[PDB]
Ligand SMILES: NC(=O)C1=CN([C@@H]2O[C@H](COP(=O)(O)OP(=O)(O)OC[C@H]3O[C@@H](n4cnc5c(N)ncnc54)[C@H](OP(=O)(O)O)[C@@H]3O)[C@@H](O)[C@H]2O)C=CC1
Ligand SMILES: NC(=O)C1=CN([C@@H]2O[C@H](COP(=O)(O)OP(=O)(O)OC[C@H]3O[C@@H](n4cnc5c(N)ncnc54)[C@H](OP(=O)(O)O)[C@@H]3O)[C@@H](O)[C@H]2O)C=CC1
Ligand SMILES: CCc1nc(N)nc(N)c1OCCCOc1ccc(-c2ccc(C(=O)O)cc2)cc1
Ligand SMILES: CCc1nc(N)nc(N)c1OCCCOc1ccc(-c2ccc(C(=O)O)cc2)cc1
Ligand SMILES: O=c1ccn([C@H]2C[C@H](O)[C@@H](COP(=O)(O)O)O2)c(=O)[nH]1
Ligand SMILES: O=c1ccn([C@H]2C[C@H](O)[C@@H](COP(=O)(O)O)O2)c(=O)[nH]1
C-alpha cells in the first residue's frame, strides 16, 4: 500500500501562464505566486471551487477509510496542509480555513507563534503521524511551491486538482513540472469565465434492485478503427470540456458512421442530425486540439455583410477559401459558362442583402433590390425581440443553380431573452475534419457582432448539423487529434464603439489567450 | 414478506383481446388460446424472456442467501415455476428450459426437474435451494393464485400491441397494489409493435470527482408532487418521452416571455427529437390525436394549392383563422381574397420563385418544382447532401398569410433507407408539435415508398420551443400518464408517385391512446 492511498493525500492548486508562434503544453500553466501573494486579484470561481473541494465530505464513506487506515496501523472534516508562506498569504478573516482541519509546515514558527486553532508540524514525517491520530475524510495539500515540490518528490500525492487560469501574470514561484509518466489527466471540466479570464479545472491521477432492470432493458444491442488508437480519449472519465461536443461527434461518426462515396470519390463516414451548444457568455469556442486562424473567416464574414459576391476582393487580402470555387474550370463544370472567373454568383452576401433580386454580375449596383434580410433581422431583434420569425436564410431555391455552389449554412435563427442573444445555425452539409472548426468560429463571431450592434449580450451559439461527415483521407489525423486534451478556450473582444453591423473592420476583432495544440494537416 | 425474501417475480406477455373504445392497462390481458400462445411466436419477447430469466450476477448473491437464512432461522441460476398446461404447451426442444431450474406446479403429475403439489411447497423448495431469483411463468391459474396471495414482487409485463383470439387472461392488476416503475423503448417484431414495462409492488474516487465538477450547478413556479408519477419512474425509454421530457424541461427552466396575444409562454431554444419509423409510428398515446385533417393538408400541399376553401369544404379548419378578412387585413393584405393564403407551402414546393397572382391562377411549369427535384435526387443521386425542400421564401413571406413554421426538410439515404430532418422555427409544444410529428412522419413514409426505400428516422429540430401558459394544467395531467406502445402506419402499396395518394390510402393500426385532453 502507498502512504498516499492509505491516508488519501491529494494536492490542489491554481496555475496561470507566465511572462516572456509559441509552443503550448501542460507546463504552460505553472504560475503559483508573486511577492508572497497570488499573481492575480481574487478569481471568485476558483475560490468557490477550492472551498467546495476542500470542505466536501461523505460520512458514509468514512467507515471504509477508518478500517483501511486502522488495518495499516493496527462533523467529519477534511485536513488541509499549508506551507508557512502560504499561510501568511491568506487574509486574516479567512483564517483558520473554515470547516477544515488546518495544518502548517514550519521550522521558524512554533505553536506559541499562532493564536489560531491549527496544528504546527516541523517535518512531513510528522504529518503522517498526525493523520494516523486524527479522524478525517481527506487530506488536501494547498501549497505553496516548496510544499508542492516535496510532496510530489516523496510520491505522496494520489491526485492533483489543477485549475488552469487562462491569463498571464507576473510570477516569482511556480508549480513543479508534472511528469507524464507519474501522473496523467483523467478529467476535464466545462470552461468558465470569472473576473475577466477563462479557466477550467482538471484532475491528474497517479499512474440496487433497479440495476438488474437496466441490464434487462439492454437485451437488444462496425468500422475497423482500433479502440487502442483512442487510448487517451477513452481513458478520460469526465469529458466535460465543450470541445468534446465536436470531438465526440467525430468519434461517433468513426465508430458508427455509414460508408458512402461523394462527388470526389474519396468516400466519407456519414451520420445525420446532431446539435452542439456553445456558451459564448463563458468562452469563445475556438478549437484547441489543433491550431486555427481567424483572419480569413473574419474577412469572409465582413465580405458577406457588405453584400459582395466578388472573389477577387478576398484574393487581394490573400484569403483563398473561395479560390477553388471560382476557377474557369469549376465554373464551367457548374455550367456557368457565361460567368467571369471569381464571380461566385448570388451567394451568401447577395442573399443576405438582396434576396430575390436578379443577379447580373459581381460588379453591379444592387442597392435597394431584393430583401435586405440582414437589416430586417437587426430591426426585429431591436424592436420585436420575442418574434419567432428572426431568421436569415441563404438558401434561395431559385438562384441555387446560378451559385458557384449552394450554401452549406442554410439559416440562422435568433432568440432574445433578458437582454441576451442566442443563435441557431442549421448546416446541411458538415465536413467534420476541416470545415466545422471554422464554421463554429464564424457564426460565434457573427452572434457577437449581431448581439453587440443590438445592445444585447451573447448567450448561446447552437449548431445543428444535418449530413455530418468525416472524409476517409482525414481519419488518421482525426485519430491523433482525438487523443489530445483540450486547453481552456480563448475570449473574443470586439471594439465597443462599433454600433452598426456594416461598420466593422478586421482590426475591431481581438482573440485573447488562445492556447492550442500543434497545427495539423488533415491530409 | 415472502416475495421480498425469496425474490418471487412474475414475467408475462399480453396481447389485446377480440370482442368509442376506452383503453387502460387491462387492454393488455391476453395470455393463451386453446392451450397455446395466442400469437405465432414473437421473437423479441422470447429473447427478452430468456435473457431476463437466465440473467444472474453472482456478486449479489451473498446478501440474498444471508437474508433467506436469517428468515428460515438458519453455478447460480434462477428458478422458473410453471403450471402443467404451461409446461406442456412448451415444445420439447425447449423443455427443460435450458440453464434454469425448472419447477412444475401440478396436482396430478408424478415425480433435476422438481414437481410441487401446492404453493407452500415452493417456499420450502426455495428455502432448500441456491438460486438468484424466482420467476413465475404462468399460466393464468398460477398467476391468479400467486397474485391473490401477495407472493409477487414485480411483474415484467410485455405489452403485445395487436389483437388475437384468446380463451385465457391475465388477472386484472390492482393499481392500489402495483404501479409501473419503468417502460422500455418501442419495437416491432413479427408484424406487431411491442414494449416492456415493469410493475413494482407498493472506484468512488470518481464519485467525489463528479460532485466537485457539479460545484456551480444551482423559475420553477411548478411543484414536485405535480409530477409524482412522472418523477417516480426509473427508466423512461419510451420515445414518447422525447416529447414529454421537452415539456418538463420547458415547464421547469423555461423563460417567461409574452407573445402578441398577451397569452404568455415559457420558451426555450434548440431541441432535437428522433423517432425510429422502422419500429413504430410516433402518434402520441398520452392523449387522443386525429389524423384526417393533417393528411388532407399534406395532400393539399402536394397538389401545390393555396386555396383555403379546398380544405374548409372537407371540414379541415387548420388554416381557417389564417384566411379570415380580419387576419389578412392585420397582415396588410387588403387586396387578398378571404381564404387565399397566398404563396405558402404548396406554392413553394411546386412553384418556388413564380410570381403569385391569386389562388385560382394556373401556375403549370412556373417556378421550381422542388418536390419533383428532391424526389428525383433521392432516386438518382441518393448521396447528395443537397436534397432539401424549403418553404422559407424570403421574397414571398410578406405576401403569405403567415410565414411557414416548418422551414425545411432535409433527406438522407443509406442502404435503401430514407431519413428526414425537419427544422421548425416555432413549436407550440402543447397543441402543434404532436400533430407536426405525425405530419412529417407520414410525409417521410410517403416520400420513401415512392422512391422504393424503407423509412428510417424522422428527426425534428425545434427552434423557438414554447408552452402556452393556458396549456400548463393540461400538460400536467399529460406528463403523469404512461405511454402505451405506439401504433403503425400502413400506406396502400400500389401508390408509386407522390401525387397519387388519396385519403383512403392511409391506415393507422393498433392506436392505443389515453383519453382526449381539452388543451384548455
Ligand atoms: N496558486 C495556488 O494554487 C497557490 C499559491 N500559493 C502561493 O505560493 C507562494 C508560497 O509558496 P512558497 O514560496 O513555495 O512557500 P510555501 O508556502 O511552500 O512555504 C514554504 C515554507 O513552509 C515551511 N516548510 C515547507 N516544507 C517544510 C518541511 N518539510 N518541514 C518544515 N517546514 C517546512 C518553511 O517555513 P519556515 O520558513 O517558517 O520554516 C518553508 O520556508 C505564495 O506566493 C502563495 O500565494 C500558495 C498556495 C497555493
Ligand atoms: N403469455 C404468457 O405470458 C403465458 C401464456 N401461457 C399460456 O397460458 C395457458 C395456460 O394457462 P392455464 O390454462 O391457466 O394453465 P396453467 O399453466 O395455469 O396450468 C394450471 C394447472 O397447474 C396445476 N396447478 C395450478 N395451481 C395449482 C396449485 N395451487 N396446486 C397444485 N397444482 C396447481 C394444475 O394442474 P393439475 O391438473 O395437474 O392439477 C392446474 O390445473 C396456455 O394457453 C399457455 O400457452 C403460458 C405461459 C405464460
Ligand atoms: C487561490 C486559492 C486556491 N485555489 C486552488 N484551486 N488551489 C489552491 N491550493 C488555492 O490556494 C489555497 C491557499 C491560499 O488560500 C487563499 C489565498 C488567498 C485568499 C484571498 C481572498 C481574498 C483576497 C482579496 O480580495 O483581496 C485575496 C486573497 C483566500 C484563500
Ligand atoms: C412467450 C414467452 C414469455 N414471455 C414473457 N414475457 N413471459 C412469459 N411468461 C412467457 O412465456 C412463459 C413460458 C414460455 O414458454 C414457451 C416457450 C416457447 C414457445 C414456442 C412456441 C412456438 C414456437 C414455434 O412455433 O416455433 C417456438 C417456441 C412457447 C412457450
Ligand atoms: O462553408 C462550408 C462549405 C463547404 N463545406 C464542406 C462540406 C462538404 O464536404 C463540402 C460541400 O458539400 P456539398 O456541396 O456536396 O454538400 O464542403 C463546409 O464544411 N463548410
Ligand atoms: O403547423 C403549425 C402551425 C403553427 N404552429 C404554431 C407555432 C406558434 O405557436 C405559432 C406560429 O406563430 P408565429 O411563430 O408565426 O408568431 O403557431 C405550430 O406549431 N404548427
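None of the figures in this text is laboratory data; all of them are computed from the coordinates on show. Ideal geometry is used to build each Cβ from the backbone, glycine not excepted, and the neighbour counts take in all protein chains shown.
Only residues that are part of a helix (DSSP H, G or I) and surrounded by fewer than 17 Cβ atoms within 10 Å (Cβ to Cβ) were counted in segment A:43-68, giving 15.
For the condition buried (at least 16 other Cβ atoms within 10 Å of the Cβ) and outside any helix (DSSP H, G or I), residue A:79 qualifies.
Residue check: residue A:369 meets all listed conditions (1) within 14 Å of another protein chain (Cβ to nearest Cβ); (2) in contact with a helix residue (DSSP H, G or I) (Cβ under 7 Å, 6 or more places away or on another chain); (3) under 24 Å from residue B:384 (Cα atoms); (4) surrounded by fewer than 18 Cβ atoms within 10 Å (Cβ to Cβ) but one, namely (3).
Within segment A:1-30, restricting attention to residues that are closer than 30 Å to residue A:67 by Cβ and surrounded by fewer than 18 Cβ atoms within 10 Å (Cβ to Cβ), the residue that is nearest to ligand 1 (Cβ to nearest atom) is A:3. Within segment B:379-408, the set of residues being within 16 Å of ligand 5 (Cβ to nearest atom) and touching a helix residue (DSSP H, G or I) at 6+ places or on another chain (Cβ under 9 Å) comprises B:384, B:386, B:387, B:388, B:389, B:390. Just one of (1) buried (at least 18 other Cβ atoms within 10 Å of the Cβ); (2) over 39 Å from the mean Cα position of the chain (by Cα); (3) more than 30 Å from residue B:405 (Cβ to Cβ) trips up residue A:338, so point out which. Residue A:338 satisfies all of (1) buried (at least 18 other Cβ atoms within 10 Å of the Cβ); (2) over 39 Å from the mean Cα position of the chain (by Cα); (3) more than 30 Å from residue B:405 (Cβ to Cβ) except (1).
Table: residues versus (1) within 23 Å of residue B:440 (Cα to Cα); (2) in contact with a helix residue (DSSP H, G or I) (Cβ under 9 Å, 6 or more places away or on another chain); (3) buried (at least 21 other Cβ atoms within 10 Å of the Cβ).
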position	(1), (2), (3)
B:270	yes, no, yes
B:276	yes, no, no
B:285	yes, yes, yes
B:308	yes, yes, yes
B:314	yes, yes, no
B:327	no, yes, no
B:330	no, no, no
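The condition of being out of contact with any strand residue (DSSP E or B) (no Cβ under 9 Å at 6 or more places or on another chain), within 10 Å of chain A (Cβ to nearest Cβ) and more than 16 Å from ligand 2 (Cβ to nearest atom) does not hold for residue B:388. Looking at A:311, A:296, A:326, A:345, just one residue is away from ligand 3 (no atom under 16 Å from the Cβ) and on the phi > 0 side of the Ramachandran plot, and that residue is A:345. On the basis of being assigned to a helix (DSSP H, G or I) and either under 28 Å from residue B:410 (Cβ atoms) or within 10 Å of another protein chain (Cβ to nearest Cβ) (or both), does residue A:350 make the cut? Answer is yes for this residue.
Out of A:62, A:56, I need the residue that is away from ligand 3 (no atom under 16 Å from the Cβ) and within 14 Å of another protein chain (Cβ to nearest Cβ). Which one? After applying the criteria, what remains is A:62. Considering (1) away from chain B (no Cβ under 14 Å); (2) closer than 22 Å to residue A:207 by Cβ, the lone condition that residue A:41 does not fulfil carries the number (2). Checking each residue in segment B:249-281 for being within 17 Å of the chain's Cα centre (by Cα) and either more than 9 Å from every other protein chain (Cβ to nearest Cβ) or part of a loop (DSSP other than H, G, I, E, B) (or both) picks out B:273, B:275, B:276, B:277, B:278, B:279, B:280, B:281. Just for segment A:31-42: of the residues that are part of a loop (DSSP other than H, G, I, E, B) and within 10 Å of ligand 1 (Cβ to nearest atom), which one is nearest to the chain's Cα centre (by Cα)? Result: A:40. For segment B:224-248, a residue qualifies if it is within 13 Å of chain A (Cβ to nearest Cβ) and in a loop (DSSP other than H, G, I, E, B), and the qualifying residues are B:232, B:233, B:234, B:235, B:237, B:238. Tell me which residues, restricted to segment B:100-121, are away from ligand 4 (no atom under 16 Å from the Cβ) and either within 14 Å of chain A (Cβ to nearest Cβ) or out of contact with any helix residue (DSSP H, G or I) (no Cβ under 8 Å at 6 or more places or on another chain) (or both). Correct list: B:107, B:110, B:111, B:112, B:115, B:117, B:118, B:120, B:121. Being away from ligand 4 (no atom under 16 Å from the Cβ) and over 21 Å from residue A:289 (Cα atoms), is that true of even one residue in segment A:436-446? The answer is yes, given that some residue of segment A:436-446 is away from ligand 4 (no atom under 16 Å from the Cβ) and over 21 Å from residue A:289 (Cα atoms). Which numbered condition in (1) buried (at least 24 other Cβ atoms within 10 Å of the Cβ); (2) more than 8 Å from chain B (Cβ to nearest Cβ) is the only one that residue A:396 fails? Just one mismatch for residue A:396, condition (2). Filtering segment B:198-223 down to residues that are in contact with a helix residue (DSSP H, G or I) (Cβ under 7 Å, 6 or more places away or on another chain) and within 30 Å of residue B:176 (Cβ to Cβ), which residue is nearest to the other protein chains (Cβ to nearest Cβ)? Out of the qualifying residues, it is B:198.
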